[PDB]
Amino acid sequence: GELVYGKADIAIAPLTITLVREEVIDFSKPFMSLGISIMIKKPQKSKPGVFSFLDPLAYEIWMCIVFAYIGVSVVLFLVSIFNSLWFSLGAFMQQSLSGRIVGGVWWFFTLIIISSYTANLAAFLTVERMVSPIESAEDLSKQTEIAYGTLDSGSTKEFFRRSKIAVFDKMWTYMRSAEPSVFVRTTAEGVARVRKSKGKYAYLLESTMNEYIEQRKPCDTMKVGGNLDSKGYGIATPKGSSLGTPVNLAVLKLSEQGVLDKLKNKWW
Amino acid sequence: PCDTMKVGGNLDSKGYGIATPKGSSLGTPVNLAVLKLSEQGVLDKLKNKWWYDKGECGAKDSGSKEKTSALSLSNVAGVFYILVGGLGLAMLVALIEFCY
Amino acid sequence: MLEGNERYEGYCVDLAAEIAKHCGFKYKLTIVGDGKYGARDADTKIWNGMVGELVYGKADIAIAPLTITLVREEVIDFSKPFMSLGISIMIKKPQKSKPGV
Amino acid sequence: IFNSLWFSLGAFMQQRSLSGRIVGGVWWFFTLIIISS
Amino acid sequence: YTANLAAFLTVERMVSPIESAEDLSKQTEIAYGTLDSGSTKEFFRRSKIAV
């Protein structure tokens with residue numbers, strides 16, 4: 001209102017470019033691209049438990065070795081009743097020509113398994129490999145353990161409301177019937193809800209603000225996956241002003257000489 | 001054959017546009033009509049049309065390759081196939097010992 | 001077998017009809033010369049390309065993936081960007097190799 | 001106890017009753033993991 | 001034998017190359033390049049960024 005009413009001549013600020021603002025003043029070309037990204041708290045994975053003890057061998061090897069135990073402990077029944085299983089449970093306990101190469105290929109078989117369980121068990125106490133989070137936004141919509149929402153009023157809530165794309169429509173039919181209120185009051189209240197959720201709540205916002213929180217304390221959020229839409233800021237001048245075109249031709253000289261990206265790499 | 005994959009973000013910020021002659025009559029109205037189609041989502045809908053929809057690797061854009069925490073079942077198979085290969089060779093010698 | 005605007009299909013072909021829907025004008029689809037872009041010679045200082053056919057009167061508007069640059073902005077009027085992009089990385093995604101006995 | 005710790009230290013070492021036979025089995029796979037751990 | 005098995009598991013557990021511009025600039029096994037004449041090559045020429 002300070003440009004159309006004359007209370008200002010030019011404006012340089014993170015101002016989104018829209019169609020309604022273009023019918024009153026003159027917008028320049030964008031100086032920084034952004035879009036709706038995803039922000040989540042770093043997978044710390046400081047939650048030790050039993051589901052991580054059997055993590056070495058997979059859910060299919062732990063359950064495949066027993067088919068070899070009872071498969072060898074029952075062969076000792078045949079190569080020699082309630083005493084053979086009493087000897088084989090006492091044989092698979094501590095580590096005729098038929099029964100000879102039975103408990104030896106079974107040795108060399110339990111060789112590699114005990115050799116392999118120890119090998120990979122060192123591979124995840126070396127690097128926590130902590131950073132393994134959901135990134136694709138289409139993956140964020142197919143679950144309900146971890147809630148997600150947006151701002152109660154803004155350009156972000158109106159993006160999912162009128163979308164004729166299949167992936168984004170289901171994201172909307174959730175937050176409309178999701179109780180309790182998955183919507184926050186301000187942007188300062190939305191960032192404070194992901195931090196006190198033990199990693200059970202998410203927030204969507206622009207990639208300029210999402211790429212800025214990741215590099216600030218307490219250093220826990222991380223932008224995951226590409227953005228959802230395409231948008232950019234700009235500079236405005238009054239219609240017919242003597243600085244509308246002179247400034248528009250100046251910004252494009254900045255991005256080509258690597259100045260806008262050196263500024264984006266400076267304050268971020 | 002969907003053997004490529006975009007890794008990381010973009011290094012620089014650039015974009016395409018529609019061009020009109022300087023002072024052309026259809027200059028501003030198209031500039032306004034472009035903002036109308038971007039906000040109406042018609043731009044990202046048509047972007048999703050000829051890329052993912054009519055694209056030949058629509059399936060190669062949903063699957064993910066991550067660092068598995070566990071050990072592979074395949075390498076352990078080389079041991080199970082040499083164990084049962086000994087259990088079977090063992091029962092072949094039990095019969096020649098029961099007759100002699 | 002087709003003729004006119006039905007011959008060509010793609011992102012811009014649907015973009016053309018949608019631009020001609022909120023501005024209403026009979027548009028004829030034409031292909032520029034030799035798949036040309038916006039460039040300027042150093043010796044002759046002659047422009048060529050889709051940008052060239054807009055300053056020389058052989059066309060009225062150009063709709064294509066045209067990189068928005070300063071040397072192109074001083075001569076024609078660019079609309080707002082309808083598609084953001086950037087230089088990225090392409091690596092052959094591996095890890096499809098299968099362990100064997 | 002003088003012969004049970006004699007046999008438990010001797011059964012800690014290497015990695016005829018069905019009840020005692022299954023005792024020898026669970027103690028290996030438990031110590032086998034801690035030695036691996 | 002058990003000692004050699006754990007070395008290869010940890011090398012690949014490093015997960016390389018990770019997705020980034022610098023990881024591509026840090027190793028030289030998997031080389032990298034652009035186009036000979038275009039807006040892509042001229043980008044790195046006059047770039048005053050360390051990476």
# chains A, B, ... in the order shown; residues from 1 in each chain; ligands from 1
$ closest_atom_pairs --of "chain B" --to "segment 144-161 of chain A" --cutoff "10 Å" --atoms "only C-alpha atoms" --output "JSON lines"
{"residue": "B:39", "atom": "CA", "partner": "A:159", "partner_atom": "CA", "distance": 8.5}
{"residue": "B:40", "atom": "CA", "partner": "A:159", "partner_atom": "CA", "distance": 9.2}
{"residue": "B:41", "atom": "CA", "partner": "A:159", "partner_atom": "CA", "distance": 8.5}
$ interface_residues --of "chain D" --to "chain A" --cutoff "9 Å" --atoms "only C-alpha atoms" --output "ChimeraX atom specification"
/D:11,14-29,32-33,35-37
$ select_by_dssp --residues "chain D" --states "alpha helix (DSSP H)" --output "list in words"
residues 4, 5, 6, 7, 8, 9, 10, 11, 12, 13, 18, 19, 20, 21, 22, 23, 24, 25, 26, 27, 28, 29, 30, 31, 32, 33, 34, 35 and 36 of chain D
$ write_last_selection --atoms "N, CA, C and O atoms" --output "JSON list (two decimals), in the first residue's frame"
[["chain", "number", "residue", "atom", "x", "y", "z"],
["D", 4, "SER", "N", 29.45, -78.73, 40.42],
["D", 4, "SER", "CA", 28.58, -78.01, 39.49],
["D", 4, "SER", "C", 29.28, -76.79, 38.91],
["D", 4, "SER", "O", 29.17, -76.53, 37.71],
["D", 5, "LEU", "N", 29.98, -76.02, 39.74],
["D", 5, "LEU", "CA", 30.89, -75.00, 39.23],
["D", 5, "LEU", "C", 32.10, -75.63, 38.56],
["D", 5, "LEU", "O", 32.75, -74.98, 37.73],
["D", 6, "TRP", "N", 32.41, -76.88, 38.92],
["D", 6, "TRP", "CA", 33.39, -77.66, 38.18],
["D", 6, "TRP", "C", 32.90, -78.00, 36.78],
["D", 6, "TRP", "O", 33.70, -78.10, 35.85],
["D", 7, "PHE", "N", 31.59, -78.18, 36.63],
["D", 7, "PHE", "CA", 30.98, -78.48, 35.34],
["D", 7, "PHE", "C", 30.44, -77.24, 34.64],
["D", 7, "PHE", "O", 30.26, -77.27, 33.42],
["D", 8, "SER", "N", 30.17, -76.16, 35.38],
["D", 8, "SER", "CA", 29.73, -74.92, 34.75],
["D", 8, "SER", "C", 30.91, -74.15, 34.18],
["D", 8, "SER", "O", 30.80, -73.53, 33.12],
["D", 9, "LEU", "N", 32.05, -74.16, 34.89],
["D", 9, "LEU", "CA", 33.27, -73.62, 34.30],
["D", 9, "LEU", "C", 33.76, -74.49, 33.16],
["D", 9, "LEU", "O", 34.39, -73.99, 32.22],
["D", 10, "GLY", "N", 33.49, -75.80, 33.22],
["D", 10, "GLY", "CA", 33.73, -76.69, 32.11],
["D", 10, "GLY", "C", 32.68, -76.64, 31.02],
["D", 10, "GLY", "O", 32.93, -77.15, 29.92],
["D", 11, "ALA", "N", 31.52, -76.06, 31.31],
["D", 11, "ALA", "CA", 30.51, -75.79, 30.30],
["D", 11, "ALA", "C", 30.49, -74.35, 29.83],
["D", 11, "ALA", "O", 29.91, -74.06, 28.78],
["D", 12, "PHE", "N", 31.10, -73.43, 30.59],
["D", 12, "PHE", "CA", 31.46, -72.15, 30.01],
["D", 12, "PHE", "C", 32.51, -72.34, 28.92],
["D", 12, "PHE", "O", 32.47, -71.66, 27.89],
["D", 13, "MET", "N", 33.42, -73.29, 29.12],
["D", 13, "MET", "CA", 34.57, -73.50, 28.24],
["D", 13, "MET", "C", 34.17, -73.83, 26.81],
["D", 13, "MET", "O", 34.37, -73.01, 25.90],
["D", 18, "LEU", "N", 17.93, -85.39, 29.42],
["D", 18, "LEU", "CA", 17.23, -84.49, 28.50],
["D", 18, "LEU", "C", 17.02, -83.11, 29.12],
["D", 18, "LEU", "O", 17.05, -82.11, 28.40],
["D", 19, "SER", "N", 16.83, -83.03, 30.43],
["D", 19, "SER", "CA", 16.67, -81.73, 31.07],
["D", 19, "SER", "C", 18.00, -80.99, 31.11],
["D", 19, "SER", "O", 18.08, -79.80, 30.78],
["D", 20, "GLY", "N", 19.07, -81.67, 31.52],
["D", 20, "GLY", "CA", 20.39, -81.07, 31.50],
["D", 20, "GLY", "C", 20.97, -80.92, 30.11],
["D", 20, "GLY", "O", 21.89, -80.12, 29.91],
["D", 21, "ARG", "N", 20.44, -81.66, 29.13],
["D", 21, "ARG", "CA", 20.90, -81.52, 27.76],
["D", 21, "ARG", "C", 20.42, -80.23, 27.13],
["D", 21, "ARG", "O", 21.13, -79.63, 26.32],
["D", 22, "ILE", "N", 19.20, -79.80, 27.46],
["D", 22, "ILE", "CA", 18.71, -78.53, 26.96],
["D", 22, "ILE", "C", 19.24, -77.36, 27.77],
["D", 22, "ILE", "O", 19.16, -76.21, 27.32],
["D", 23, "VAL", "N", 19.79, -77.62, 28.96],
["D", 23, "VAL", "CA", 20.51, -76.57, 29.68],
["D", 23, "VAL", "C", 21.80, -76.23, 28.95],
["D", 23, "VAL", "O", 22.19, -75.06, 28.85],
["D", 24, "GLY", "N", 22.50, -77.24, 28.43],
["D", 24, "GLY", "CA", 23.72, -76.99, 27.70],
["D", 24, "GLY", "C", 23.52, -76.25, 26.39],
["D", 24, "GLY", "O", 24.47, -75.69, 25.85],
["D", 25, "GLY", "N", 22.29, -76.24, 25.88],
["D", 25, "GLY", "CA", 22.00, -75.64, 24.59],
["D", 25, "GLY", "C", 21.74, -74.15, 24.65],
["D", 25, "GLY", "O", 22.20, -73.39, 23.79],
["D", 26, "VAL", "N", 20.98, -73.71, 25.66],
["D", 26, "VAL", "CA", 20.65, -72.30, 25.77],
["D", 26, "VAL", "C", 21.83, -71.48, 26.26],
["D", 26, "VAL", "O", 21.90, -70.27, 25.98],
["D", 27, "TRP", "N", 22.78, -72.09, 26.98],
["D", 27, "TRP", "CA", 23.93, -71.35, 27.48],
["D", 27, "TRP", "C", 24.95, -71.05, 26.40],
["D", 27, "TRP", "O", 25.69, -70.07, 26.51],
["D", 28, "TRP", "N", 25.01, -71.87, 25.34],
["D", 28, "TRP", "CA", 25.93, -71.55, 24.24],
["D", 28, "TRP", "C", 25.42, -70.36, 23.45],
["D", 28, "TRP", "O", 26.12, -69.35, 23.30],
["D", 29, "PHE", "N", 24.20, -70.45, 22.92],
["D", 29, "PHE", "CA", 23.68, -69.39, 22.06],
["D", 29, "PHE", "C", 23.54, -68.07, 22.80],
["D", 29, "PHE", "O", 23.42, -67.02, 22.15],
["D", 30, "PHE", "N", 23.55, -68.08, 24.13],
["D", 30, "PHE", "CA", 23.55, -66.83, 24.88],
["D", 30, "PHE", "C", 24.97, -66.27, 25.00],
["D", 30, "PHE", "O", 25.20, -65.08, 24.73],
["D", 31, "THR", "N", 25.92, -67.11, 25.40],
["D", 31, "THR", "CA", 27.31, -66.65, 25.45],
["D", 31, "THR", "C", 27.87, -66.43, 24.06],
["D", 31, "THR", "O", 28.73, -65.55, 23.87],
["D", 32, "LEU", "N", 27.39, -67.18, 23.06],
["D", 32, "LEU", "CA", 27.88, -67.00, 21.69],
["D", 32, "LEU", "C", 27.58, -65.60, 21.17],
["D", 32, "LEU", "O", 28.30, -65.10, 20.30],
["D", 33, "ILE", "N", 26.53, -64.96, 21.68],
["D", 33, "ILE", "CA", 26.19, -63.62, 21.22],
["D", 33, "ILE", "C", 27.01, -62.57, 21.96],
["D", 33, "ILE", "O", 27.46, -61.59, 21.36],
["D", 34, "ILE", "N", 27.24, -62.76, 23.26],
["D", 34, "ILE", "CA", 28.02, -61.77, 24.01],
["D", 34, "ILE", "C", 29.48, -61.80, 23.57],
["D", 34, "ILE", "O", 30.13, -60.75, 23.50],
["D", 35, "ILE", "N", 30.01, -62.99, 23.26],
["D", 35, "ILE", "CA", 31.36, -63.04, 22.71],
["D", 35, "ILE", "C", 31.39, -62.37, 21.34],
["D", 35, "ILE", "O", 32.38, -61.73, 20.97],
["D", 36, "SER", "N", 30.30, -62.49, 20.58],
["D", 36, "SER", "CA", 30.18, -61.74, 19.34],
["D", 36, "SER", "C", 29.90, -60.27, 19.60],
["D", 36, "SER", "O", 30.39, -59.40, 18.86]]
$ interface_residues --of "chain C" --to "chain A" --cutoff "8 Å" --atoms "only C-alpha atoms" --output "PyMOL selection string"
chain C and resi 69-70+73-74+80-81+83-84
$ select_by_dssp --residues "chain B" --states "strand (DSSP E)" --output "list in words"
residues 6, 7, 14, 15, 16, 17, 18, 19, 20 and 21 of chain B
$ write_last_selection --atoms "N, CA, C and O atoms" --output "mmCIF file, in the first residue's frame"
data_model
loop_
_atom_site.group_PDB
_atom_site.id
_atom_site.type_symbol
_atom_site.label_atom_id
_atom_site.label_comp_id
_atom_site.auth_asym_id
_atom_site.auth_seq_id
_atom_site.Cartn_x
_atom_site.Cartn_y
_atom_site.Cartn_z
ATOM 1 N N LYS B 6 18.376 -38.548 -10.350
ATOM 2 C CA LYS B 6 18.760 -37.226 -9.871
ATOM 3 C C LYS B 6 19.111 -37.303 -8.391
ATOM 4 O O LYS B 6 18.272 -37.683 -7.566
ATOM 5 N N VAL B 7 20.344 -36.937 -8.053
ATOM 6 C CA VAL B 7 20.817 -36.926 -6.675
ATOM 7 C C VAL B 7 21.102 -35.488 -6.268
ATOM 8 O O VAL B 7 21.587 -34.685 -7.074
ATOM 9 N N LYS B 14 17.623 -20.939 -11.751
ATOM 10 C CA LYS B 14 17.266 -20.387 -13.049
ATOM 11 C C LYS B 14 15.873 -20.873 -13.423
ATOM 12 O O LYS B 14 15.283 -21.716 -12.743
ATOM 13 N N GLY B 15 15.346 -20.334 -14.516
ATOM 14 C CA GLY B 15 14.006 -20.687 -14.939
ATOM 15 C C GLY B 15 13.740 -20.263 -16.364
ATOM 16 O O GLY B 15 14.441 -19.413 -16.924
ATOM 17 N N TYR B 16 12.712 -20.874 -16.944
ATOM 18 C CA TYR B 16 12.255 -20.543 -18.283
ATOM 19 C C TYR B 16 11.142 -19.499 -18.223
ATOM 20 O O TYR B 16 10.665 -19.119 -17.153
ATOM 21 N N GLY B 17 10.725 -19.036 -19.397
ATOM 22 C CA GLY B 17 9.678 -18.032 -19.472
ATOM 23 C C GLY B 17 9.147 -17.912 -20.882
ATOM 24 O O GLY B 17 9.697 -18.481 -21.830
ATOM 25 N N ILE B 18 8.054 -17.163 -21.003
ATOM 26 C CA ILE B 18 7.451 -16.840 -22.291
ATOM 27 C C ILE B 18 7.867 -15.427 -22.669
ATOM 28 O O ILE B 18 7.801 -14.509 -21.841
ATOM 29 N N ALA B 19 8.297 -15.250 -23.913
ATOM 30 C CA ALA B 19 8.840 -13.985 -24.384
ATOM 31 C C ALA B 19 7.880 -13.323 -25.362
ATOM 32 O O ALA B 19 7.237 -13.998 -26.174
ATOM 33 N N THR B 20 7.783 -12.000 -25.271
ATOM 34 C CA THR B 20 6.996 -11.164 -26.161
ATOM 35 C C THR B 20 7.829 -9.961 -26.577
ATOM 36 O O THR B 20 8.739 -9.554 -25.846
ATOM 37 N N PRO B 21 7.554 -9.380 -27.746
ATOM 38 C CA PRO B 21 8.304 -8.188 -28.162
ATOM 39 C C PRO B 21 8.091 -7.035 -27.192
ATOM 40 O O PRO B 21 7.074 -6.952 -26.501
#
$ interface_residues --of "chain B" --to "chain C" --cutoff "8 Å" --atoms "only C-alpha atoms" --output "JSON, numbers by chain"
{"B": [3, 4, 5, 6, 7, 8, 9, 10, 11, 12, 13, 14, 15, 16, 17, 18, 19, 20, 21, 22, 27, 29, 30, 31, 33, 34, 35, 37, 38, 43, 46, 47, 49, 50, 74, 75, 77, 78]}
$ closest_atom_pairs --of "chain E" --to "chain A" --cutoff "12 Å" --atoms "only C-alpha atoms" --output "tab-separated table"
residue	atom	partner	partner_atom	distance
E:1	CA	A:115	CA	7.6
E:2	CA	A:115	CA	4.9
E:3	CA	A:119	CA	7.6
E:4	CA	A:119	CA	8.6
E:5	CA	A:119	CA	5.9
E:6	CA	A:119	CA	4.3
E:7	CA	A:119	CA	8.1
E:8	CA	A:119	CA	9.3
E:9	CA	A:123	CA	6.3
E:10	CA	A:123	CA	5.3
E:11	CA	A:123	CA	9.0
E:12	CA	A:123	CA	9.4
E:13	CA	A:123	CA	6.7
E:14	CA	A:127	CA	7.6
E:15	CA	A:129	CA	9.1
E:18	CA	A:131	CA	11.4
E:19	CA	A:225	CA	11.5
E:39	CA	A:256	CA	9.6
E:40	CA	A:256	CA	11.4
E:42	CA	A:256	CA	9.6
E:43	CA	A:258	CA	7.9
E:44	CA	A:258	CA	9.3
E:45	CA	A:257	CA	10.2
E:46	CA	A:257	CA	7.0
E:47	CA	A:258	CA	5.9
E:48	CA	A:258	CA	7.1
E:49	CA	A:262	CA	6.7
E:50	CA	A:262	CA	10.1
E:51	CA	A:265	CA	10.7
$ atom_distance --atom1 "atom CA of residue 132 of chain A" --atom2 "atom CA of residue 223 of chain A"
12.6 Å
$ closest_residue --among "B:82, B:57, B:2, B:90" --to "chain A" --atoms "only C-alpha atoms"
B:90
$ interface_residues --of "chain B" --to "chain A" --cutoff "7 Å" --atoms "only C-alpha atoms" --output "ChimeraX atom specification"
/B:12-13,32,35-36,41,45,69-73,79-80,83,86-87,90-91,93-94
$ interface_residues --of "chain E" --to "chain C" --cutoff "9 Å" --atoms "only C-alpha atoms" --output "PDB file with C-alpha atoms, in the first residue's frame"
ATOM      1  CA  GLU E  19      23.816 -37.075  -2.668  1.00  0.00           C
ATOM      2  CA  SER E  20      25.493 -33.641  -2.647  1.00  0.00           C
ATOM      3  CA  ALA E  21      27.632 -31.348  -4.783  1.00  0.00           C
ATOM      4  CA  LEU E  24      30.943 -35.344  -6.046  1.00  0.00           C
ATOM      5  CA  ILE E  30      33.405 -41.537 -10.189  1.00  0.00           C
ATOM      6  CA  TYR E  32      32.064 -35.830 -13.465  1.00  0.00           C
ATOM      7  CA  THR E  40      26.308 -24.923 -17.557  1.00  0.00           C
TER       8      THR E  40
END
